[PDB]
Amino acid sequence: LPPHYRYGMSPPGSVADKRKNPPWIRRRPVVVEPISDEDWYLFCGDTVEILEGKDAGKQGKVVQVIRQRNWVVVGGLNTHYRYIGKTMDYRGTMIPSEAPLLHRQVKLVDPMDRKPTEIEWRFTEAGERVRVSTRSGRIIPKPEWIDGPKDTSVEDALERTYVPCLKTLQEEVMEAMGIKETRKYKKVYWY
Amino acid sequence: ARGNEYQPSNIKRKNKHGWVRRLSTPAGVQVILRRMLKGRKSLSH
Amino acid sequence: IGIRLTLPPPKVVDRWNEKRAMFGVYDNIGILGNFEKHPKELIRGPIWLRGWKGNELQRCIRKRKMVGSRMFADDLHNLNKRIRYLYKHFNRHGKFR
Amino acid sequence: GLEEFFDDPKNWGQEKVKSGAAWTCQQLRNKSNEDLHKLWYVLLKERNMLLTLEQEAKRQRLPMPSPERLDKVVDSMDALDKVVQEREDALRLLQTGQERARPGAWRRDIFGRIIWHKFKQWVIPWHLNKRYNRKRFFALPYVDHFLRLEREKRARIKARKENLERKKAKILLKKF
Amino acid sequence: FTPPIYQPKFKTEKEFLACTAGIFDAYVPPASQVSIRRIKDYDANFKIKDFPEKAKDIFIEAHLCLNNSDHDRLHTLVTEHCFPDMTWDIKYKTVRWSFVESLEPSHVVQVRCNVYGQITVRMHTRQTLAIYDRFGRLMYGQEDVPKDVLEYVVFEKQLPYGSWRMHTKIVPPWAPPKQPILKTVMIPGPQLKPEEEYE
Amino acid sequence: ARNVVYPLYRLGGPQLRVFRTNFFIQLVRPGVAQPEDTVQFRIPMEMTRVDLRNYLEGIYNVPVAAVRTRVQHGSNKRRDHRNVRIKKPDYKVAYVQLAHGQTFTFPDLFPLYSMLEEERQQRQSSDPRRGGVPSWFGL
Amino acid sequence: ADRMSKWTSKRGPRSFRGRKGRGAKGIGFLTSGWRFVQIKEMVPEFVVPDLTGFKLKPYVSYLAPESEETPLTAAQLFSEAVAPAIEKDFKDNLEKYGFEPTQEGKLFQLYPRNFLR
RNA sequence: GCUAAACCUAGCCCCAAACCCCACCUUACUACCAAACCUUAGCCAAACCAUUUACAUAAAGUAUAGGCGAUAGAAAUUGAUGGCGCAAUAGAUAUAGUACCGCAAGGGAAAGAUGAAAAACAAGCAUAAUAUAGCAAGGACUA
RNA sequence: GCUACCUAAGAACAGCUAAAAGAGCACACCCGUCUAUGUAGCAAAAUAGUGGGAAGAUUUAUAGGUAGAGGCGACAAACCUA
RNA sequence: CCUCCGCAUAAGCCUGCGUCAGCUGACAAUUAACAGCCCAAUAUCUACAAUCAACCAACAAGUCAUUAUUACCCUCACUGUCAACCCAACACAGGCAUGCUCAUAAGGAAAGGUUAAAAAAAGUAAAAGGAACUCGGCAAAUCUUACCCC
Ligand SMILES: Nc1nc2c(ncn2[C@@H]2O[C@H](COP(=O)(O)OP(=O)(O)OP(=O)(O)O)[C@@H](O)[C@H]2O)c(=O)[nH]1
Ligand SMILES: [Mg+2]
Ligand SMILES: [Mg+2]
Ligand SMILES: [Mg+2]
Ligand SMILES: [Mg+2]
Ligand SMILES: [Mg+2]
Ligand SMILES: [Mg+2]
Ligand SMILES: [Mg+2]
Ligand SMILES: [Mg+2]
Ligand SMILES: [Mg+2]
Ligand SMILES: [Mg+2]
Ligand SMILES: [Mg+2]
Ligand SMILES: [Mg+2]
Ligand SMILES: [Mg+2]
Ligand SMILES: [Mg+2]
Ligand SMILES: [Mg+2]
Ligand SMILES: [Mg+2]
Ligand SMILES: [Mg+2]
Ligand SMILES: [Mg+2]
């Protein structure tokens, strides 16, 4: 991506993203606090509570996470309305579009208390790394085929046919295929 | 009458301003070094 | 049109940040500490003008003398040229004599 | 046959073609050298078919059906190549102790830069090779000035980058 | 002689969801306990006998919001499928919609049902209109004289935080023609090209 | 194979063998009318016509009668926003004439929204008689 | 006058265009009369195996279990190939176990490598 | 009301600390054939020019040198945590040693600005050409 | 890569007259006497006509060479990238 | 109606009026026989031009050759192939080597429409005279003598 590329709601490679951020744009970079990867505590699917703005207090489910801008999109929450399909004649249709929310503007929700909770990345002997709520304890869990004609069966893919040997693939294949070569490689000079 | 002093010919171009000729003498090596220091994309012609 | 059409963002200055609050402390280190340390030793900056002052020509001469060997090639060339030019200016040009 | 350059006829025109997963390096490491040799050509035929599909899609100005399988095939071939290279490197280290398959040497070129010159195959010795003798692997004293200049340019770039990073960090601290 | 000077070339080679699509089962004006249960099991609190009052309140408040162009409240008061109908044609023109006492009590008609509720309420109320232009000159309806309005209003609901909002008004084919327009209109005939001839 | 140093051959030496071929080719529909026995391929630049013949005869068992090659120049005229020329890659085109009277022809490859469509159906375009008056109101 | 465009065989005069190539590896040599003699051994021979009966496929079912990558090392290969024989013979001249003092004499010399891929 | 106007950060400046796969010398980026080391000069000052003319502190601008003149100039001895910086004609030339210019060495640019989310007032003119006479204004005047 | 001169190995010179020509008339080609136009032009030296040479000390394509207190020069202080 | 040209090769440039859909993006294309890309050594050979090469004629003296031995079975790889094109800042009246076409079978369009003022450029015609113009017969028209200076 171009340096100081402004991450937006559209994915960084879509038609809309290319339209909004052509190669020549030089907009001012957006200042984002440096949340370390080991400190990020919002994940796709987490139930969260909005602290600020319209729909404050309401709890929804994170639909997307634009980590590069400290963003979490709560499905059907923090929504404005936009027209989709509006053509020269048709007015289009109104659609609720969510706006990104900052992790500072959003807090996780206890699995059962259904209330905002501050979280810590405390190690547990079983769950080596897992979130733990501070004000009321308890661990917030991390949320979340037919073989085709050109797909190997699992047993075939796992069959360990390898026999550790001191033979290169070339000579091993030569032996397997019966190719016979008697000529000796004449020595060459390297420099 | 004037203006068309450039009669292109790749043989002359390479034999006059080529990498081999620039390296042929210490002065041309310094020419290439100056271009590299300046960051020229085209070090030799 | 050389005038901005909006008020610039407000500039908040914390007059009581540690730097401003403790500014000047130990300026009297000498007279109040048996003169073990001269106040100029509190000066932090370029090695060639720590506790010393002079015009541009003197500053350039001191820089060349004290860190000339450690200067980059083109920076040192520029310093030598500047010293030469300043010598010429101060010794051959001016209203008075 | 040439039909192997095209997908199964039933898949022609399908908006989406269901595909498995690209071979992983760990999965490939369990296979024999013969098995990897055969899988290499299996994947090569699949890659040729997918590249043909991509080119024909470009020709017809239509989206390629399920382009992700091309990336899957490329990744699988890369993994197989990596596994073979790992085996070859281990065997070479055991039998000769050489970490590099191709001979080479650290040499100072005519420009004074230290490079890893990779040796080439010749029929005659180097002292007789005329063109090799024409090539120069030493830097005369006039190159030291330019070496210092390049070093100082690099130092300036590094200093600018570091100062910019520190200033950005200070700005971030002020903001938060 | 002095050679000519060329300027740089660049200077001269610069160049320049929470809705549904319509009605699941259209009610045709002159056995929904399954849908009533299908909404009760998901809502846990609801009263059909009390719904008509809330529906009328929402209707009147949404129209009052139209009066002031309170689109922020209209968004929560009507469905997204209805909002463009509510607000599109009325842009750049003031409306003086007002409500006066109803004629017969509003009552539910029928209800049907990732899952969206749906309630049809018949209202026979009395209302007033005065739609002006950008320039404040009346173009539809007297502001004082009220009219009797028979409407079949369909509400929809999202089934977690959604509420009951106007989804669509069903106009029966037998409904009386609406109020006549004030300004005369023209409907041009086929703009024939030279080769074409009128038929 | 490409991007690999070929073991130098001296007289009487062993045959040069490549086990894991690095070349990947494309079969491309000709842009012009071609004989029924001719197949057009896009090839890596480092592949010879002999290499292509052996490749097709071994991997695909295609009886090849003749091979011809030409290097197609890629346009270097398109310029980016910085006025820097964008180079379309040069490529290699191979015409392969099949043997045994075999014939080949390029196969004929390539032989929410519901809500949008239904709302478009239910547009209810304003009638001219309404004269721009919003028709939503029931009065 | 074009310094930036890559130098190819399409640019110079007849001699330049003939002399410069496209990276294709040589196959033979040129004799008197510009007659090209092609050496068969110089032509890469594609060692294509018999794919009949092969069970592997270009793709793998997603049902396959995930595993941890363990890049093969010289120590691991030695343990898995030589260590058993060494132990069995010690409990009871390294060429017996596989080690070769010199790569010379081998068709596939490991260093300097003299085989393709 | 048009052309347009503005903006804040991209970066830069000075310091401190710290020492930093393949191809390619043949026509470079082309797989493969029997020899380096050597005083700088000049501008310029002397009002020309010719000898001559600079490249820690203190001693000291002292001893000395010098068409003894312009000027040059020791030694003995002494001990030695950042920004009253710039903020897109500025700060690096830099968005870039790119575009472009030159055969080559080499020269060398310009510019961007919305939003939390886009998956929402210069000049010049026009409104509105013009009335006898005049450095175009001043005193004025109901005008 | 222009131009001055040179080196290697090439190419061109219709037709007529005279015969073996640094001959004559006159194409191609080279040059640029005079006139007019143009003079920010088609052109940073051109166009039209007219004119000199046009088998020779001729013209010319290709590669190479001589480099600045130097080169080269049938000396015009000419030319050596306007 | 014009034909300066034109078609190829060379050199040069490098996709630069092919298709599609909106100059821009995509897609396509130049297929070797033509041309380039050569030669195993060691010694040893070679006086007698070309000029239709025969008389003849010369001078400026000139472009073309092997042998004797020893080695030597793999044969058709690679690269150029497009264009309305290059050097002149330009769709520049200029420069641009060679072979054929010696006016063309090839290639092109001097007039955007109107009026027919001055001045200006080019061209045609002119009563009588025929250099009286002018620095000068410059230019134009004709097809013209004799003599000086260098
Ligand atoms: N004066 C000055 N101080 C600097 C500069 N760069 C860094 N510093 C100082 O370095 C100190 C340490 O910087 P930090 O970032 O806190 O720590 P750090 O990374 O261990 O520091 P470094 O070892 O200097 O790289 C601070 O007091 C900075 O102000 C510089 O350019 N100038
Ligand atoms: Mg020339
Ligand atoms: Mg070819
Ligand atoms: Mg002087
Ligand atoms: Mg700048
Ligand atoms: Mg104004
Ligand atoms: Mg003749
Ligand atoms: Mg003559
Ligand atoms: Mg001469
Ligand atoms: Mg003279
Ligand atoms: Mg003179
Ligand atoms: Mg000049
Ligand atoms: Mg015309
Ligand atoms: Mg006209
Ligand atoms: Mg007359
Ligand atoms: Mg007379
Ligand atoms: Mg007179
Ligand atoms: Mg007279
Ligand atoms: Mg005359």
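Residue numbers (the entry's author numbering), protein chains in the order written: chain V, 15 to 158, 170 to 216; chain 2, 48 to 92; chain i, 32 to 128; chain Y, 63 to 238; chain d, 41 to 56, 78 to 91, 117 to 199, 207 to 252, 255 to 294; chain U, 2 to 112, 126 to 153; chain 9, 15 to 106, 113 to 137.
All residues carry an ideal CB built from backbone N, CA and C; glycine is no exception.
| Item | Value |
| --- | --- |
| Which residue's Cα is closest to the Cα of residue 71 (chain d): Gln196 (chain d), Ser192 (chain d) and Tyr178 (chain d)? | Since the model of chain d passes from 56 to 78 in one step, residue 71 (chain d) is not part of what is shown. |
| Using a Cβ cut-off of 9 Å (strictly closer), state whether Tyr210 (chain V) contacts chain U. | yes |
| Run the CB neighbour count on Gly210 (chain d), radius 10 Å, all protein chains shown included, and call it buried at 16 or more, exposed below. | buried |
| For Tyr128 (chain d), which of helix, strand or coil comes out of DSSP? | helix |
| Residues in the region 89-103 of chain Y with C-beta within 8 Å of chain 9's C-beta atoms, listed in sequence order? | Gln89, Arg91, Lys93, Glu96, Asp97, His99, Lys100, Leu101 and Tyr103 |
| At the 9 Å Cβ level, is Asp140 (chain Y) part of the contact set with chain U, yes or no? | no |
| For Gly118 (chain 9), return the contacting residues in chain V, with the cut-off set at a CB-CB distance below 7 Å. | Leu191 |
| Can you give me, in chain order, the residues of the region 186-219 of chain Y that have a beta carbon less than 8 Å from any beta carbon in chain 2? | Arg198, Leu202, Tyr204, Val205, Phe208, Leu211, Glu212 and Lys215 |
| Determine, using beta carbons only, whether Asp91 (chain U) comes closer than 9 Å to chain 9. | yes |
| In the DSSP output, what is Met111 (chain Y) paired with across the bridge? | Paired residues: none, contrary to the question. |
| Would you please state the rounded distance, in angstroms, between the beta carbons of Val214 (chain d) and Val194 (chain d)? I believe it to be under 8 Å. | 6 Å |
| Throw me the rounded Cβ distance for the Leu78 (chain d) and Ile109 (chain V) pair, which I believe falls under 8 Å. | 7 Å |
| Is any beta-carbon of chain Y found at less than 9 Å from that of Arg81 (chain 2)? | yes |
| Which word fits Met48 (chain U), buried or exposed, when buried means at least 16 other C-beta atoms lie within 10 angstroms of its C-beta? | buried |
| Any beta carbon from chain 2 within less than 9 Å of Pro72 (chain 9)'s own beta carbon? | no |
| For the candidate residues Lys85 (chain 2), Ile58 (chain 2) and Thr72 (chain 2), whose alpha-carbon lies nearest to that of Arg28 (chain 9)? | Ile58 (chain 2) |
| Report the residue from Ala2 (chain U), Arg3 (chain U) and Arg11 (chain U) whose alpha carbon sits nearest the alpha carbon of residue 162 (chain V). | Missing here is residue 162 (chain V): after 158, the next number in chain V is 170. |
| Are any of the Cβ atoms in chain V nearer than 9 Å to that of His167 (chain d)? | yes |
| Could you check where the alpha helix (DSSP H) with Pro203 (chain Y) kicks off and where it finishes? | Neither: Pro203 (chain Y) is in no alpha helix (DSSP H) and is coded neither H nor E. |
| What is the DSSP secondary structure of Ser91 (chain 2), reduced to helix, strand or coil? | coil |
| Counting contacts by CB-CB distance shorter than 9 Å, is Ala15 (chain 9) in contact with chain 2? | yes |
| The region 171-184 of chain Y: which residues have C-beta closer than 8 Å to a C-beta of chain 2, in chain order? | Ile172 and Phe173 |
| Within this structure, are the beta carbons of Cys80 (chain d) and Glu244 (chain d) separated by less than 9 Å? | no |
| Check whether the Cβ of residue 107 (chain 9) sits closer than 8 Å to any heavy atom of ligand 3, and report yes or no. | Examination of chain 9 shows a numbering gap from 106 to 113; residue 107 (chain 9) is inside it and therefore has no coordinates. |
| For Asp127 (chain V), count neighbouring C-beta atoms within 10 Å of its own C-beta (all shown protein chains included) and say buried if the count is 16 or more, exposed if not. | exposed |
| List the endpoints of the continuous alpha helix (DSSP H) containing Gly75 (chain 2). | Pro73 to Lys85 |
| Mind pulling the chain d residues with CB within less than 7 Å of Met108 (chain V)? | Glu166, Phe169 and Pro170 |
| Hey, could you find the ends of the beta strand (DSSP E) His217 (chain d) is sitting in? | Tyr209 to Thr221 |
| Against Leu91 (chain 9), what residues of chain Y qualify as contacts under a CB-to-CB distance less than 8 Å, listed in chain order? | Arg149, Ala152, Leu153 and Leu156 |
| Output the distance between the C-alpha atoms of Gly61 (chain i) and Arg169 (chain Y), rounded to the nearest integer angstrom. | 59 Å |
| Please report the Cβ distance between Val29 (chain U) and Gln16 (chain U), rounded to the nearest whole angstrom; I am assuming they are in contact, meaning their Cβ atoms lie under 8 Å. | Not quite, the Cβ-Cβ distance comes to about 32 Å (not below 8 Å), so this is no contact. |
| Quick one: which chain V residues come within Cβ less than 7 Å of residue 118 (chain U)? | Within chain U, the sequence of modelled residues goes 112 then 126, so residue 118 (chain U) has no position in this structure. |
| Between which two residues does the beta strand (DSSP E) harbouring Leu44 (chain 9) extend? | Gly42 to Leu44 |
| Count the CB pairs spanning the region 190-206 of chain V and the region 148-164 of chain Y that are closer than 8 Å, and state whether there are at least three. | yes |
| Which of helix, strand or coil does DSSP assign to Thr162 (chain d)? | helix |
| Output the distance between the C-alpha atoms of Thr52 (chain d) and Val94 (chain U), rounded to the nearest integer angstrom. | 41 Å |
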